[PDB]
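One file, protein-v9.tsv, is given below (TSV, C-alpha atoms and all ligand atoms).
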```tsv
chain	number	residue	atom	x	y	z
A	23	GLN	CA	-0.37	-83.51	82.86
A	24	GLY	CA	-1.08	-85.91	80.01
A	25	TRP	CA	-3.39	-83.52	78.18
A	26	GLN	CA	-2.20	-80.10	77.03
A	27	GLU	CA	-4.40	-77.09	77.76
A	28	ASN	CA	-4.82	-74.46	75.01
A	29	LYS	CA	-6.78	-71.54	76.45
A	30	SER	CA	-6.72	-69.61	73.16
A	31	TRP	CA	-9.64	-71.74	71.89
A	32	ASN	CA	-11.81	-69.96	74.50
A	33	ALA	CA	-11.83	-67.06	72.01
A	34	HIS	CA	-14.09	-69.10	69.72
A	35	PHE	CA	-16.56	-69.73	72.55
A	36	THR	CA	-16.48	-66.11	73.72
A	37	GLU	CA	-16.94	-64.84	70.15
A	38	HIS	CA	-20.40	-66.47	70.15
A	39	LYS	CA	-21.17	-65.52	73.79
A	40	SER	CA	-20.89	-69.19	74.74
A	41	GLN	CA	-19.12	-71.47	77.22
A	42	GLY	CA	-17.89	-74.99	76.60
A	43	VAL	CA	-15.03	-77.38	75.91
A	44	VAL	CA	-13.42	-78.88	72.82
A	45	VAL	CA	-11.18	-81.93	73.22
A	46	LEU	CA	-8.91	-83.23	70.44
A	47	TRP	CA	-6.84	-86.40	70.19
A	48	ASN	CA	-3.95	-86.79	67.74
A	49	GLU	CA	-3.94	-90.53	67.03
A	50	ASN	CA	-0.47	-90.71	65.42
A	51	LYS	CA	1.22	-88.86	68.31
A	52	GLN	CA	-1.07	-90.05	71.13
A	53	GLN	CA	-1.48	-86.47	72.36
A	54	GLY	CA	-4.59	-84.70	73.59
A	55	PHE	CA	-5.52	-81.02	73.61
A	56	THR	CA	-8.37	-79.10	75.21
A	57	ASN	CA	-9.33	-75.56	76.17
A	58	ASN	CA	-10.54	-76.62	79.64
A	59	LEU	CA	-9.08	-79.68	81.38
A	60	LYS	CA	-11.73	-79.53	84.10
A	61	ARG	CA	-14.79	-79.40	81.83
A	62	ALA	CA	-13.10	-81.89	79.49
A	63	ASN	CA	-13.49	-84.48	82.26
A	64	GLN	CA	-16.98	-83.37	83.37
A	65	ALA	CA	-19.56	-86.11	82.74
A	66	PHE	CA	-22.95	-85.25	81.20
A	67	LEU	CA	-25.99	-87.03	79.86
A	68	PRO	CA	-25.04	-88.33	76.38
A	69	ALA	CA	-28.46	-87.56	74.83
A	70	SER	CA	-28.42	-88.37	71.09
A	71	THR	CA	-24.70	-89.21	71.12
A	72	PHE	CA	-25.85	-92.46	72.74
A	73	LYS	CA	-27.16	-93.44	69.29
A	74	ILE	CA	-23.61	-94.66	68.61
A	75	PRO	CA	-23.47	-97.44	71.27
A	76	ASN	CA	-27.21	-98.12	70.89
A	77	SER	CA	-26.75	-98.69	67.14
A	78	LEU	CA	-23.77	-100.99	67.78
A	79	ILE	CA	-25.69	-103.07	70.32
A	80	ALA	CA	-28.86	-103.32	68.22
A	81	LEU	CA	-26.84	-104.52	65.21
A	82	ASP	CA	-24.84	-107.09	67.16
A	83	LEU	CA	-27.99	-108.51	68.78
A	84	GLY	CA	-29.81	-108.56	65.45
A	85	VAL	CA	-32.38	-105.96	66.52
A	86	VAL	CA	-31.19	-104.14	63.37
A	87	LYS	CA	-30.48	-106.50	60.47
A	88	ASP	CA	-28.68	-103.94	58.30
A	89	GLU	CA	-28.61	-100.28	57.31
A	90	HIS	CA	-31.47	-100.75	54.80
A	91	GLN	CA	-34.05	-102.19	57.21
A	92	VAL	CA	-37.02	-99.81	57.40
A	93	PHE	CA	-38.46	-98.82	60.78
A	94	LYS	CA	-42.06	-97.76	60.15
A	95	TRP	CA	-43.32	-94.51	61.63
A	96	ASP	CA	-45.70	-95.27	64.48
A	97	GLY	CA	-48.16	-92.63	63.25
A	98	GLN	CA	-47.77	-90.35	66.28
A	99	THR	CA	-47.02	-86.80	65.17
A	100	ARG	CA	-44.02	-85.33	67.00
A	101	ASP	CA	-42.50	-81.86	67.03
A	102	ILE	CA	-39.53	-82.50	64.72
A	103	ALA	CA	-41.10	-83.08	61.30
A	104	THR	CA	-38.34	-85.34	59.94
A	105	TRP	CA	-39.30	-87.86	62.64
A	106	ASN	CA	-42.80	-88.39	61.22
A	107	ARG	CA	-41.83	-90.77	58.43
A	108	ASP	CA	-40.27	-94.17	57.87
A	109	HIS	CA	-36.54	-94.45	58.53
A	110	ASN	CA	-33.60	-96.80	58.17
A	111	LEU	CA	-30.43	-96.78	60.28
A	112	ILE	CA	-28.83	-94.18	57.99
A	113	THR	CA	-31.66	-91.64	58.04
A	114	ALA	CA	-32.53	-92.22	61.70
A	115	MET	CA	-28.94	-91.32	62.63
A	116	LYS	CA	-28.91	-88.31	60.28
A	117	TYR	CA	-32.16	-86.87	61.66
A	118	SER	CA	-31.50	-88.22	65.18
A	119	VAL	CA	-34.89	-89.92	65.33
A	120	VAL	CA	-35.30	-90.70	69.05
A	121	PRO	CA	-38.44	-92.92	68.92
A	122	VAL	CA	-36.72	-95.41	66.60
A	123	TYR	CA	-33.81	-95.73	69.04
A	124	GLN	CA	-36.18	-95.97	72.01
A	125	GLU	CA	-37.72	-99.05	70.38
A	126	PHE	CA	-34.20	-100.47	69.88
A	127	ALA	CA	-33.50	-100.07	73.60
A	128	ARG	CA	-36.78	-101.78	74.50
A	129	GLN	CA	-35.88	-104.77	72.32
A	130	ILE	CA	-32.31	-104.90	73.66
A	131	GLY	CA	-33.54	-104.87	77.26
A	132	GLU	CA	-32.12	-103.73	80.59
A	133	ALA	CA	-29.92	-106.75	81.32
A	134	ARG	CA	-28.17	-106.85	77.92
A	135	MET	CA	-27.90	-103.06	77.67
A	136	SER	CA	-26.11	-103.04	81.03
A	137	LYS	CA	-23.59	-105.75	80.12
A	138	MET	CA	-22.75	-104.15	76.78
A	139	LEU	CA	-22.16	-100.72	78.32
A	140	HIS	CA	-19.82	-102.40	80.82
A	141	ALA	CA	-18.12	-104.25	77.96
A	142	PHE	CA	-17.80	-100.90	76.16
A	143	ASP	CA	-16.32	-99.18	79.29
A	144	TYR	CA	-18.85	-96.46	78.47
A	145	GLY	CA	-18.96	-93.48	80.84
A	146	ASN	CA	-20.17	-94.37	84.31
A	147	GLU	CA	-21.85	-97.53	82.92
A	148	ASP	CA	-25.05	-96.65	84.87
A	149	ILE	CA	-28.36	-97.26	83.11
A	150	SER	CA	-30.65	-96.40	86.05
A	151	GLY	CA	-33.94	-94.92	84.87
A	152	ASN	CA	-36.30	-96.02	82.14
A	153	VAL	CA	-35.06	-98.66	79.70
A	154	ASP	CA	-36.03	-96.33	76.81
A	155	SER	CA	-34.85	-92.94	78.13
A	156	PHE	CA	-31.98	-93.43	80.61
A	157	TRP	CA	-29.56	-91.69	78.21
A	158	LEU	CA	-31.98	-88.71	78.16
A	159	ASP	CA	-33.13	-88.44	81.78
A	160	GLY	CA	-31.60	-91.37	83.72
A	161	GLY	CA	-28.26	-92.05	85.41
A	162	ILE	CA	-25.75	-92.50	82.56
A	163	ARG	CA	-23.00	-89.86	82.45
A	164	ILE	CA	-20.01	-89.51	80.10
A	165	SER	CA	-17.25	-86.91	79.79
A	166	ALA	CA	-15.72	-85.53	76.60
A	167	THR	CA	-12.46	-87.43	77.21
A	168	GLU	CA	-14.49	-90.58	77.83
A	169	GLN	CA	-16.21	-90.12	74.47
A	170	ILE	CA	-12.77	-90.00	72.83
A	171	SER	CA	-11.76	-93.24	74.56
A	172	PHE	CA	-14.95	-94.93	73.34
A	173	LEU	CA	-14.61	-93.54	69.81
A	174	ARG	CA	-10.98	-94.68	69.50
A	175	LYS	CA	-12.05	-98.27	70.17
A	176	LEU	CA	-14.77	-97.95	67.52
A	177	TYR	CA	-12.33	-96.53	64.98
A	178	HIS	CA	-9.99	-99.51	65.47
A	179	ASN	CA	-12.81	-102.15	65.53
A	180	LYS	CA	-11.85	-102.94	69.12
A	181	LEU	CA	-15.24	-102.87	70.85
A	182	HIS	CA	-16.66	-106.27	71.78
A	183	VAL	CA	-19.17	-106.48	68.95
A	184	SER	CA	-18.69	-107.77	65.41
A	185	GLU	CA	-16.42	-105.98	62.96
A	186	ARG	CA	-19.44	-105.72	60.64
A	187	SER	CA	-21.52	-103.97	63.32
A	188	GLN	CA	-18.70	-101.49	63.82
A	189	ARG	CA	-18.28	-100.89	60.09
A	190	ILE	CA	-22.01	-100.23	59.61
A	191	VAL	CA	-22.14	-97.71	62.46
A	192	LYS	CA	-19.10	-95.82	61.16
A	193	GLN	CA	-20.85	-95.69	57.78
A	194	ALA	CA	-23.98	-94.28	59.44
A	195	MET	CA	-21.80	-91.72	61.26
A	196	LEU	CA	-20.65	-90.20	57.94
A	197	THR	CA	-21.35	-86.47	58.15
A	198	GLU	CA	-19.11	-84.64	55.68
A	199	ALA	CA	-16.37	-85.41	53.18
A	200	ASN	CA	-14.39	-83.63	50.47
A	201	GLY	CA	-11.04	-84.14	48.82
A	202	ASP	CA	-9.24	-83.08	52.03
A	203	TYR	CA	-10.97	-84.75	54.99
A	204	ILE	CA	-13.77	-87.08	56.13
A	205	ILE	CA	-15.83	-86.31	59.24
A	206	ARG	CA	-17.69	-89.11	61.02
A	207	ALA	CA	-19.61	-87.82	64.02
A	208	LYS	CA	-22.86	-87.55	65.96
A	209	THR	CA	-24.66	-84.52	67.43
A	210	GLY	CA	-26.44	-84.37	70.77
A	211	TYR	CA	-28.78	-81.92	72.48
A	212	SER	CA	-29.53	-82.66	76.15
A	213	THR	CA	-32.70	-80.83	77.26
A	214	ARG	CA	-34.54	-82.95	79.85
A	215	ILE	CA	-32.13	-82.31	82.76
A	216	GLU	CA	-30.20	-79.16	83.62
A	217	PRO	CA	-27.88	-77.85	82.38
A	218	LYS	CA	-28.99	-77.89	78.74
A	219	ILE	CA	-25.94	-78.70	76.61
A	220	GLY	CA	-25.11	-79.48	73.00
A	221	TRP	CA	-22.67	-82.22	71.96
A	222	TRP	CA	-20.59	-83.05	68.89
A	223	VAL	CA	-18.37	-86.16	69.03
A	224	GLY	CA	-16.49	-88.04	66.32
A	225	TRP	CA	-13.30	-87.79	64.34
A	226	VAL	CA	-11.61	-86.27	61.30
A	227	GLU	CA	-9.83	-88.66	58.92
A	228	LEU	CA	-6.83	-87.35	56.98
A	229	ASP	CA	-4.53	-89.10	54.52
A	230	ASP	CA	-1.91	-89.82	57.20
A	231	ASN	CA	-3.64	-89.30	60.57
A	232	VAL	CA	-6.96	-89.25	62.38
A	233	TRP	CA	-8.04	-86.55	64.84
A	234	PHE	CA	-10.73	-87.53	67.33
A	235	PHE	CA	-12.87	-84.80	68.86
A	236	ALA	CA	-15.52	-84.39	71.51
A	237	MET	CA	-17.15	-81.06	72.37
A	238	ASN	CA	-19.98	-79.83	74.51
A	239	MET	CA	-21.28	-76.34	75.25
A	240	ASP	CA	-24.06	-74.62	77.19
A	241	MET	CA	-27.22	-74.53	75.06
A	242	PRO	CA	-30.00	-72.57	76.79
A	243	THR	CA	-32.08	-72.37	73.59
A	244	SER	CA	-32.14	-74.33	70.35
A	245	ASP	CA	-31.14	-71.29	68.28
A	246	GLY	CA	-27.47	-71.99	69.11
A	247	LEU	CA	-27.32	-75.55	67.76
A	248	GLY	CA	-25.31	-74.54	64.69
A	249	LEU	CA	-22.50	-73.39	66.99
A	250	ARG	CA	-21.64	-76.99	67.91
A	251	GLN	CA	-20.14	-77.63	64.47
A	252	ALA	CA	-19.08	-74.01	63.93
A	253	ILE	CA	-16.93	-73.67	67.06
A	254	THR	CA	-15.43	-77.13	66.51
A	255	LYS	CA	-14.41	-76.26	62.94
A	256	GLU	CA	-12.85	-72.99	64.14
A	257	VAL	CA	-10.65	-75.04	66.48
A	258	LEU	CA	-9.88	-77.57	63.72
A	259	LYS	CA	-8.89	-74.75	61.35
A	260	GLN	CA	-6.72	-73.01	63.97
A	261	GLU	CA	-4.86	-76.28	64.55
A	262	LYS	CA	-4.48	-76.64	60.75
A	263	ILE	CA	-6.32	-79.95	60.84
A	264	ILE	CA	-8.72	-78.76	58.13
A	265	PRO	CA	-7.93	-75.83	55.77
B	301	LIG	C1	-30.54	-85.89	70.81
B	301	LIG	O1	-29.51	-85.38	71.20
B	301	LIG	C2	-31.76	-85.04	70.50
B	301	LIG	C3	-32.98	-85.71	71.10
B	301	LIG	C4	-32.69	-86.19	72.51
B	301	LIG	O2	-34.08	-84.80	71.16
B	301	LIG	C5	-31.83	-84.92	68.99
B	301	LIG	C6	-32.78	-83.83	68.49
B	301	LIG	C7	-31.97	-82.93	67.57
B	301	LIG	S1	-32.21	-81.17	68.00
B	301	LIG	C8	-33.98	-80.81	67.88
B	301	LIG	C9	-34.22	-79.94	66.65
B	301	LIG	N1	-33.76	-78.59	66.91
B	301	LIG	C10	-34.28	-77.66	66.25
B	301	LIG	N2	-33.89	-76.40	66.45
B	301	LIG	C11	-30.58	-83.36	67.87
B	301	LIG	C12	-29.31	-82.64	67.49
B	301	LIG	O3	-29.36	-81.77	66.59
B	301	LIG	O4	-28.27	-82.94	68.11
B	301	LIG	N3	-30.54	-84.46	68.52
B	302	CL	CL	-31.45	-90.88	71.20
B	303	CL	CL	-18.29	-94.54	54.40
```
Represent the structure of the file as structure tokens.
Amino acid sequence: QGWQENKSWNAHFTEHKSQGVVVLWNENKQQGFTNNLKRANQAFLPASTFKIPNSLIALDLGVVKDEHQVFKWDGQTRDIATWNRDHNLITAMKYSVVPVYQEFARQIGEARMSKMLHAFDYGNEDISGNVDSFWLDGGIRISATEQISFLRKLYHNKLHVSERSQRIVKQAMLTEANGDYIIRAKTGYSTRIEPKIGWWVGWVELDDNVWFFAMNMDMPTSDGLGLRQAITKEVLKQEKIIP
């Protein structure tokens, strides 16, 4: 089997009248768990979770000099208000500012974007579509288990980019931390192509172990976005990963 199936986590999806998959990886024991082995291997558009490889590539090619470089707002008012201001790599990740990352992809270019995604072993490695939207409405597809594989390489500094690039991106992935755990992660909301889904991918660092996770769920409207982190934390608590 490889992966173990734990159907009891479906209770957390059903409790919120939702459908989806959570995948966990225990790094110390090299064991994986999921509520749905089939959906765990189903490949979707990455949407904003593609900000992780896009950040790595932009840094390594010097499109982004460091996490303090300011990317000026282009003056075009967009629907998410946090986008209509200047950003650096830290705040553009936090607020998931698409137009900044679309400019990164334009500067990287089709040829180099394709070779890096092949170097990364990322999903189906297919960038067909527009250079600045293929991860939103083009041909790239990645499963939850494939996100884990990619994230594990990032955690260990094993992707073929500089160690510094990988350290900066993991810094920008910082989402939450207390005296018990650190979460580094990235959210995604795929809306341009059916089915609309939400993503949350990353890992939980403990004193003696790290737990990688990748989840996606059906997201017909934006009012459910909070359930990405809420369902994931319910699974993490049930498995006694976080208190
Ligand atoms: C990437 O996944 C998304 C981009 C492609 O639009 C961004 C946008 C936010 S959600 C939009 C604000 N919702 C309000 N209700 C996002 C996310 O939260 O994952 N990623
Ligand atoms: Cl994006
Ligand atoms: Cl940090």
At what distance in Å, to one decimal, does atom CA of residue 140 of chain A lie from atom CA of residue 91 of chain A?
->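 Calculated distance between atom CA of residue 91 of chain A and atom CA of residue 140 of chain A is 27.6 Å.
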Around ligand CL 303 (chain B), at most 12 Å away and counting only C-alpha atoms and all ligand atoms, which residues are there? Put them as a PyMOL selection string, please.
-> chain A and resi 112+188-199+204-207+227
List all protein, DNA and RNA residues that have at least one atom no more than 9 Å from any atom of ligand LIG 301 (chain B), counting only C-alpha atoms and all ligand atoms, and write them as a PDB file with C-alpha atoms, in the frame of the given file.
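Resulting contents of out27.pdb:
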```pdb
ATOM      1  CA  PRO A  68     -25.040 -88.330  76.380  1.00  0.00           C
ATOM      2  CA  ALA A  69     -28.460 -87.560  74.830  1.00  0.00           C
ATOM      3  CA  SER A  70     -28.420 -88.370  71.090  1.00  0.00           C
ATOM      4  CA  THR A  71     -24.700 -89.210  71.120  1.00  0.00           C
ATOM      5  CA  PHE A  72     -25.850 -92.460  72.740  1.00  0.00           C
ATOM      6  CA  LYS A  73     -27.160 -93.440  69.290  1.00  0.00           C
ATOM      7  CA  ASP A 101     -42.500 -81.860  67.030  1.00  0.00           C
ATOM      8  CA  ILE A 102     -39.530 -82.500  64.720  1.00  0.00           C
ATOM      9  CA  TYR A 117     -32.160 -86.870  61.660  1.00  0.00           C
ATOM     10  CA  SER A 118     -31.500 -88.220  65.180  1.00  0.00           C
ATOM     11  CA  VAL A 119     -34.890 -89.920  65.330  1.00  0.00           C
ATOM     12  CA  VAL A 120     -35.300 -90.700  69.050  1.00  0.00           C
ATOM     13  CA  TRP A 157     -29.560 -91.690  78.210  1.00  0.00           C
ATOM     14  CA  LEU A 158     -31.980 -88.710  78.160  1.00  0.00           C
ATOM     15  CA  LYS A 208     -22.860 -87.550  65.960  1.00  0.00           C
ATOM     16  CA  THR A 209     -24.660 -84.520  67.430  1.00  0.00           C
ATOM     17  CA  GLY A 210     -26.440 -84.370  70.770  1.00  0.00           C
ATOM     18  CA  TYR A 211     -28.780 -81.920  72.480  1.00  0.00           C
ATOM     19  CA  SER A 212     -29.530 -82.660  76.150  1.00  0.00           C
ATOM     20  CA  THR A 213     -32.700 -80.830  77.260  1.00  0.00           C
ATOM     21  CA  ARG A 214     -34.540 -82.950  79.850  1.00  0.00           C
ATOM     22  CA  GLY A 220     -25.110 -79.480  73.000  1.00  0.00           C
ATOM     23  CA  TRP A 221     -22.670 -82.220  71.960  1.00  0.00           C
ATOM     24  CA  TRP A 222     -20.590 -83.050  68.890  1.00  0.00           C
ATOM     25  CA  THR A 243     -32.080 -72.370  73.590  1.00  0.00           C
ATOM     26  CA  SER A 244     -32.140 -74.330  70.350  1.00  0.00           C
ATOM     27  CA  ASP A 245     -31.140 -71.290  68.280  1.00  0.00           C
ATOM     28  CA  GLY A 246     -27.470 -71.990  69.110  1.00  0.00           C
ATOM     29  CA  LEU A 247     -27.320 -75.550  67.760  1.00  0.00           C
ATOM     30  CA  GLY A 248     -25.310 -74.540  64.690  1.00  0.00           C
ATOM     31  CA  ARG A 250     -21.640 -76.990  67.910  1.00  0.00           C
TER      32      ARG A 250
END
```
Would you mind listing what lies within 6 Å of residue 161 of chain A as a list in words, with all atoms listed in the file counted and same-chain residues fewer than 6 positions away left out?
->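 Selected residues are residues 148, 149 and 150 of chain A.
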Which residues of segment 233-256 of chain A have any atom within 9 Å of an atom in segment 26-48 of chain A when counting only C-alpha atoms, and what is the closest pair of atoms for each, with the distance in Å to one decimal? Order the rows by chain and rising number and write it as a Markdown table.
```
| residue | atom | partner | partner_atom | distance |
| --- | --- | --- | --- | --- |
| A:233 | CA | A:48 | CA | 5.0 |
| A:234 | CA | A:47 | CA | 5.0 |
| A:235 | CA | A:46 | CA | 4.5 |
| A:236 | CA | A:45 | CA | 5.3 |
| A:237 | CA | A:44 | CA | 4.3 |
| A:238 | CA | A:42 | CA | 5.7 |
| A:239 | CA | A:42 | CA | 3.9 |
| A:240 | CA | A:41 | CA | 5.9 |
| A:241 | CA | A:40 | CA | 8.3 |
| A:249 | CA | A:38 | CA | 7.9 |
| A:253 | CA | A:34 | CA | 6.0 |
| A:254 | CA | A:44 | CA | 6.8 |
| A:256 | CA | A:34 | CA | 6.9 |
```
Check the smallest atom-to-atom distance from each of A:114, A:223, A:263, A:181 to ligand CL 302 (chain B) using only C-alpha atoms and all ligand atoms, then report the winner.
-> A:114
For residue 146 of chain A: contacts at 8 Å, only C-alpha atoms, fewer than 3 positions along chain excluded, given as an MDAnalysis selection string | chainID A and resid 143 162:164
Save out the residues we just selected, C-alpha atoms, as a PDB file, in the frame of the given file.
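Result went into out.pdb, see below:
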```
ATOM      1  CA  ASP A 143     -16.320 -99.180  79.290  1.00  0.00           C
ATOM      2  CA  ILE A 162     -25.750 -92.500  82.560  1.00  0.00           C
ATOM      3  CA  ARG A 163     -23.000 -89.860  82.450  1.00  0.00           C
ATOM      4  CA  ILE A 164     -20.010 -89.510  80.100  1.00  0.00           C
TER       5      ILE A 164
END
```
Gap from atom CA of residue 224 of chain A to atom CA of residue 128 of chain A - Å, one decimal =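 Between these atoms lies a distance of 25.8 Å.
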Selected residue, from A:165, A:260, A:56, A:110, that lies nearest to residue 88 of chain A when counting only C-alpha atoms |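 Among A:165, A:260, A:56, A:110, it is A:110 that comes nearest to residue 88 of chain A.
Going from atom CA of residue 79 of chain A to atom CA of residue 62 of chain A covers 26.3 Å.
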Around all of segment 228-238 of chain A's listed atoms, make the axis-aligned box with 4 Å on each side and tell me centre and edge lengths in Å to one decimal, as lines of an AutoDock Vina configuration file.
```
center_x = -10.9
center_y = -84.8
center_z = 64.5
size_x = 26.1
size_y = 18.0
size_z = 28.0
```
Of the residues A:171, A:77, A:63, A:52, which is the one nearest to residue 127 of chain A, using only C-alpha atoms?
->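 With only C-alpha atoms as the atom set, the closest residue is A:77.
Ranking A:131, A:160, A:24, A:217 by their shortest atom-to-atom distance to residue 76 of chain A, with all atoms listed in the file included, puts A:131 first.
Distance check against residue 100 of chain A using only C-alpha atoms: of A:51, A:121, A:258, A:80, the minimum falls on A:121.
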Between A:108, A:230, A:125, A:49, which is the closest to ligand CL 302 (chain B) once you count all atoms listed in the file?
->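 Checking each candidate against ligand CL 302 (chain B), we get A:125 as the closest.
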